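Chemist: First portion of the complex, with coordinates as positioned in the assembly:
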Amino acid sequence: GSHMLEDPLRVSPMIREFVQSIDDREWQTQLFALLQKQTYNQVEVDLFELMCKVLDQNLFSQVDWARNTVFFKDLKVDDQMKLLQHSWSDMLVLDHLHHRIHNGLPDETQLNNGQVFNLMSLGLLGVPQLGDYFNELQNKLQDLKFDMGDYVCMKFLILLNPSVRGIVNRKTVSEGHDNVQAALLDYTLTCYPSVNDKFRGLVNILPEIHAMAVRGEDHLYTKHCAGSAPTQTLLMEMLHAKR
């Protein structure tokens, strides 16, 4: 139910459609697949680099998702690019927030290398120190009964942010953001009546999540400056954009 919609009988079509666009399975599959491929038959690997590899892949998938999004369709690339550039970091955390809670993703895994990958890092973007903060959010979210439905709406909310510098077709973005908020509100009201101010509780998180993303992007960029990771990646390009 957490990873599922609450009262499917009472859910809007829009939301159902949003949940359509998520294949959790593919995400986890893709994740371990890369991890296996990157590590089997290798004596040692740079764990930091690997995390980046995962993130790079995630980004591609992120882009793919947005692309097929109903709202993006009505958008020009320049505009889409700007939106994606703004919150890629933001989505990763939430996505991680989603898996950690909904799908029982663990903090670490044994690599078949005898090496251990900190999965948890993926959601901290390499800043270990944010774990308490990440956790605080995970707890807040759980108490709010964060569900699969909530998670998708929040993604759009994050993505479809009008107050983003340089976006030409502002109206469309505002409208979509505005719809989703409403849809989210409705869902909370109809399907989680018992949870008071759930809408606000969830909406309030986004700002918090963003703060985490910022630290994370900066660390990731700082690391790239040091020569720690490949420069040709989408991840770097994304990291680069705001500079």
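Modeler: Thanks, I have the structure now. Residues are numbered from 1 along each chain as shown, chains lettered A, B, ... in the order given.
Chemist: hmm, what's the outermost residue in chain A?
Modeler: residue A:43 (31.5 Å; Cα atoms, centre = their mean).
Chemist: which phi and psi does that one have?
Modeler: phi -60, psi -50 (degrees, to the nearest 10).
Chemist: Same question for residue A:233.
Modeler: According to degrees, to the nearest 10, residue A:233 has phi -80, psi 160.
Chemist: Isn't it up against residue A:54?
Modeler: No. Taking contacts as Cβ atoms under 8 Å, residue A:233 lies outside contact range of residue A:54: 11.4 Å. (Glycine included, C-beta is placed from N, CA and C.)
Chemist: Show me where chain A has its helices.
Modeler: Applying DSSP state H to chain A gives helices spanning A:13-20, A:24-39, A:47-67, A:77-102, A:119-122, A:131-143, A:148-159, A:170-191, A:198-225, A:234-240.
Chemist: Does anything pack onto the third one? Which helices or strands?
Modeler: Of the remaining helices and strands, those touching helix A:47-67 by 3 or more Cβ pairs under 8 Å, 6 or more residues apart in numbering; DSSP states H and E are helix A:24-39, helix A:77-102, strand A:116-118, helix A:119-122, helix A:234-240.
Chemist: again, only this time at 7 Å
Modeler: Judged by 3 or more Cβ pairs under 7 Å, 6 or more residues apart in numbering; DSSP states H and E, helix A:47-67 is in contact with helix A:24-39, helix A:77-102, helix A:119-122, helix A:234-240.
Chemist: right, and these - which one's nearest residue A:223?
Modeler: helix A:234-240 (9.4 Å; Cβ to Cβ).
Chemist: let's bring in chain B now:
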Amino acid sequence: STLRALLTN
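Modeler: Following on from the chains above, chain B is added here:
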């Protein structure tokens, strides 16, 4: 440009 390529297609 890579970003653009992906969404440009």
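Chemist: What packs on helix A:47-67 again, this time with chain B added?
Modeler: The helices and strands touching helix A:47-67, judged by 3 or more Cβ pairs under 7 Å, 6 or more residues apart in numbering or on different chains; DSSP states H and E, are helix A:24-39, helix A:77-102, helix A:119-122, helix A:234-240, helix B:2-7.
Chemist: From residue A:69, how far out is the residue located most distally from the centre of chain B?
Modeler: No residue in chain B sits farther from the centre than residue B:9, which is 6.5 Å out by Cα atoms, centre = their mean. For residue B:9, the distance to residue A:69 equals 15 Å [Cβ to Cβ, to the nearest Å].
Chemist: how near is residue A:242 to residue A:163?
Modeler: Taken as Cβ to Cβ, the span from residue A:242 to residue A:163 is 15 Å.
Chemist: same check, this time on residue A:32
Modeler: 37 Å.
Chemist: between the two, which one's more packed in?
Modeler: Remark: of residue A:32 and residue A:163, residue A:32 carries more neighbours, 13 against 10, as counted by other Cβ atoms under 10 Å in any protein chain shown.
Chemist: Find the nearest non-adjacent residue to residue A:40, please.
Modeler: residue A:112 (6.1 Å; Cβ to Cβ, 6 or more residues apart in numbering or on different chains).
Chemist: What is the neighbour count of the one you found?
Modeler: Residues near residue A:112, counting by other Cβ under 10 Å: 12.
Chemist: ok, it - contacts?
Modeler: Residues near residue A:112 by Cβ atoms under 7 Å, 6 or more residues apart in numbering or on different chains: A:36, A:39-40.
Chemist: Of the residues you listed, which count as buried by neighbour count?
Modeler: Buried by 16 or more other Cβ atoms under 10 Å in any protein chain shown: residue A:39, out of the contacts of residue A:112.
Chemist: now the contacts of residue A:112 as a markdown table including distance to residue A:131?
Modeler: Output for the contacts of residue A:112, formatted as a markdown table (distance: Cβ to Cβ, whole Å):
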| residue | distance to residue A:131 |
| --- | --- |
| A:36 | 26 |
| A:39 | 24 |
| A:40 | 29 |
